[PDB]
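Encoded as structure tokens, the following chain is the form deposited without the named molecule, with no partner shown.
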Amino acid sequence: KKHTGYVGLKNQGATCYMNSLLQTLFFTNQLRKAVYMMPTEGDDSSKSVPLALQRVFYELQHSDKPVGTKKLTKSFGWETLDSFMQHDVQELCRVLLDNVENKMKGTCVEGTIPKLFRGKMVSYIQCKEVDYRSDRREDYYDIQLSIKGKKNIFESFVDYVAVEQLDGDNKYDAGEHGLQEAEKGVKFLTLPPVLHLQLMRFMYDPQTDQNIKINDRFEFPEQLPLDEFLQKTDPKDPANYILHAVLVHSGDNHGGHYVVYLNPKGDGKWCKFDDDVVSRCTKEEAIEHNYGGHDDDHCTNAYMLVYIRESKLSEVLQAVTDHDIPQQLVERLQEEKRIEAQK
């Protein structure tokens, strides 16, 4: 527990965003407690993702030394030298959360995942010259925001909700009305208590023919008002979000360094999580110094932000204690440790 109170994770290969993401998920206290509850007795230690995540969280909560992740990577089968380089942070997140959600089904914590991370959107198509619209609900668990050519997060949200023209030769097939010029877009109906925003600095194949990293300046705030992107708003619960995590990458596309900044209590007291080294830092370092740019004469910037709904903040970050871990689970991990101590 060091001197920040918090312990790091081991550098065990090119796992890229993984340690950052695990720290982010660990300090989503409501998720952690829920994960502690899954009926993982009788699971195979080798094969079980639920158990493997239980183990890592337990270690992060009790261990005074940097925590290993080997059994975690084995279980969801990303073990080759470059398996994390072939995926992104939002893909690993879904891998983890889907295993966990699937374990929680039929348990006293079923629905913890959609409760904390799921939001609702309306996807619509409006024809210009014919009276036809098709409104359909879409669920999301995270949001990929465009950052290229945008000054900040507000412009990104503006761009995300911008109307798109559908015109021949890209006309909408309007059924009985045949091919029709249309407008399509999305609107938000609900925003989740925990909001995962990926910033698209790392981008596809610009036709020819690399994955590249955009290191342009992109500003995000400590406090994020999203009411004006909602179809209708609640007077008693405005869509006000507070910045909780800034996942940072330093360098370019090919090779770089991965760090995450957290204020895991939600008070504005920030720590820097750099694998095994956890140290406290200024708020400027966690935030402004991660805007990116090319400024003094800079390759260090956020690719992912986590925001927490201010009204649900002090709950999402609710106290965890030792008693929140069931005895059966404590006993099992303790026995494994004892086996390991036999070398």
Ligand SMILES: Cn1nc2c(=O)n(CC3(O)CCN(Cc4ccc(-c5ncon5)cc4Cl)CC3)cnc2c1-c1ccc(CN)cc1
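The first residue of the sequence shown is number 1, and the count goes up from there. Here, rigid core means the biggest group of C-alpha atoms that superpose within 1.5 Å across both forms.
Residue 82, modelled here, also has coordinates in every other compared entry of this protein that models residues flanking it, well short of the third needed to call it frequently missing. Of the other entries compared for this protein that flank it with modelled residues, a third or more give no atoms for residue 206. The entry models residue 297 and residue 298 with a gap of 4 to 9 deposited residues left without coordinates. Relative to its counterpart among 99 to 107 and 269 to 277, 99 to 107 has the higher mean temperature factor, C-alpha atoms as listed in the PDB entry. Look at the mean CA B-factor for 142 to 150 and for 162 to 170 in the entry; the higher one is 162 to 170. Reading the B-factor column for the CA atoms of 9, 329, 21, 14 in the entry, the top value corresponds to 329. The entry lists C-alpha B-factors for 253, 190, 250, 80, and the highest of these is at 253. Among the modelled residues of its chain, residue 204 has a C-alpha B-factor that falls in the highest third according to the deposited record. Looking at the C-alpha B-factors along this chain, the one for residue 292 belongs to the lowest third.
Sort the modelled residues of the chain by CA B factor and residue 211 lands in the highest third.
Among the modelled residues of the chain, residue 127 sits in the highest third by CA temperature factor in this PDB entry. Sort the modelled residues of the chain by CA B factor and residue 50 lands in the middle third.
Below, we refer to the form deposited with the named molecule bound, which is not included among the displayed structures.
Three or more atoms of the named molecule lie within 2.4 Å of backbone or C-beta atoms here once its pose in the bound PDB entry is superimposed on the site C-alphas of this chain, so the site counts as blocked. Here the chain stands by itself, but in the bound PDB entry one stretch of 81 to 89, 122 to 130, 228 to 236, 263 to 271, 81 to 89, has heavy atoms within 4.5 Å of the named molecule. Annotation: in the bound PDB entry, residues 45, 57 and 329 none come within 4.5 Å of the named molecule through any heavy atom. In the bound PDB entry, the named molecule sits beyond 4.5 Å of every heavy atom of residue 244. Contact check for residue 258: a heavy atom falls within 4.5 Å of the named molecule in the bound PDB entry.
Interface membership of residue 179, defined by any non-hydrogen atom within 4.5 Å of the named molecule in the bound PDB entry, is ruled out.
Although the partner is absent here, residue 254 sits close enough that one of its heavy atoms falls within 4.5 Å of the named molecule in the bound PDB entry.
Residue-level contacts in the bound PDB entry: of 240, 144, 107, 134, one residue has a heavy atom within 4.5 Å of the named molecule, and it is 144. Looking at 181 to 211, the residues that come within 4.5 Å of the named molecule in the bound PDB entry, counting any heavy atom, are 198, 199, 200, 201, 202, 211. With the core fitted between this form and the one not shown, just one of 98, 167, 228, 159 shows a Cα displacement of at least 2 Å, namely 167.
In a rigid-core overlay of the protein, residue 206 has its C-alpha displaced by at least 2 Å between this form and the one not shown.
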